[PDB]
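In the form deposited in one PDB entry, a lone chain appears below as structure tokens.
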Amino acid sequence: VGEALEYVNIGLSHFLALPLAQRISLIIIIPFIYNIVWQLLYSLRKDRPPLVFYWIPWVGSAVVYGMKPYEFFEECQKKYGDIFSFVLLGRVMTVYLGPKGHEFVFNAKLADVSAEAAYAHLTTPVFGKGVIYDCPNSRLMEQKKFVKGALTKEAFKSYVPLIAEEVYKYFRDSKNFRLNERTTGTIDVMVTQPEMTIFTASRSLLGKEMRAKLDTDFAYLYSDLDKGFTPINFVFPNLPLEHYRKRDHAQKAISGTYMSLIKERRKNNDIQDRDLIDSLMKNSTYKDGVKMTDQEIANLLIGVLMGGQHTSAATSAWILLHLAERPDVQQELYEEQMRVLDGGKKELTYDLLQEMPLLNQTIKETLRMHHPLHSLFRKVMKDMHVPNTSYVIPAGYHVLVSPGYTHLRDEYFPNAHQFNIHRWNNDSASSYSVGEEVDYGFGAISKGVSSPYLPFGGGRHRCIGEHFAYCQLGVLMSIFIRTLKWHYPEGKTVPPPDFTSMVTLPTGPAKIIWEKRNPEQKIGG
């Protein structure tokens, strides 16, 4: 042994007498070989879920998971079952597919997992400090409560005409439409839908003043900030490049605009119930008496508007794209519009939107086939035992849940790759809590999260924007259906999703051809 330990020291010094080319070679080949050896030893472990084999250390399965995560999940499921782990850019990700996985991740105890440890670098450089994932979970819960106070049924009743006004304004003024001058045209829906989404959301949630700013060069800052909302932030949140300086500058200037309005309303004591800014000005004191700063209010507004921006814009893009090859669905939806709105002689209201089940089923079905968020993550903070298994998920791992994968499984949605709005007949609610409820701080929500359909997540991190999204999408599609027909250019069909973007938006350019149902119809103003 003593002689062996001498030759270890000798071996260590001979390593350094190696030619530098042979040294860097060993610096590479040794981790490769050890990674394989480590995986082979790891597969022996019975308190660990199977780990997907991978050749490149640290990188792991990043390429196949990044580009086609559902195909990746399906292959891993056949080989290993519903629980399995894979390496992703230096992280170990433990996936739990299906309703039991929804339950394991979305209902995990607060002390067991942390969303903000998974997401802080993704969002904080875009939204700003002190909100969403740049704060403890208890602050997030109350921020969600504050925002939900502007998302009441009475708010939605007031938002519907404002959103309708913005859609008609876009049809009238946008170069993509100009309905008073053109009866047919071609659009890229990943151009039109982001613009319609920010116009309708800024007008209703942010209010008249902030919508007005979008008619100026200030809109360029929104574009700059929006570019900053990218999954590259997971690995490179800050780099000395113009991309990041334009983003940071936009965050400062946009939040500065929000703060200017806030401080001006406070100065004049002009604080009503007009928008989410009014609401947060009156309702943003935490339960320990600490008040959100004006900077934090502005940053929360950015986060809310930006999250709702990308999910909603992608979703209305997918609705239009699925309907472009379904003139039968367009026709059905049009008949429902004519019946509910008395041939168009009734103005659309929030109440009447609730009397349009087929419209709401079309949104529901689009969200089944196109979950905007294919993977939701948490960092594991304490060792977690997987029930009915011998598995223990150790702290330092991440858990990954994918309701969007199960949305596309035949076992839960027969013919899952068929767009069929009638699978939701007499089940047209955006979601339906069936039994026991629980309040994490922002209102009672469903205690169970085992539904195979979870477009809005569940548990403490559940979306609070579901009813706003349905309101916004409902008004927008109601008007689209009543005003236009649309179809594909010859030989085109629904594009595949881009799974590497911030949401699973359509791979572009995704073009449709519209035509006015009434070429003589004029939009005033």
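Note that the rigid core is defined as the largest set of C-alphas that superpose within 1.5 Å between two forms. All residue numbers are counted from 1 along the displayed sequence.
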RMS CA shift, core-fitted in 5 other deposited structures of this protein, bigger for 430-438 or for 194-202: 430-438
Which of 449-457 and 220-228 strays further in 5 other deposited structures of this protein - Cα RMS after rigid core alignment: 220-228
Stretch with the higher entry mean CA B-factor, where the candidates are 483-491 and 37-45: 37-45
Selected stretch [higher average CA B-factor]: 383-391 or 439-447: 383-391
Criterion, highest CA B-factor; candidates, 206, 271, 376, 358: 271
Top residue by Cα temperature factor, when 476, 26, 464, 469 are compared in the entry: 26
Chain-wide C-alpha B factor ranking for residue 32, given as lowest, middle or highest third: highest
Position of residue 127 among the chain's modelled residues by C-alpha B-factor, lowest, middle or highest third: lowest
Cα B factor band for residue 185 (lowest, middle or highest third within the chain): middle
Third of the chain, ranked by Cα B-factor, where residue 434 sits: highest
Third of the chain, ranked by Cα B-factor, where residue 416 sits: lowest
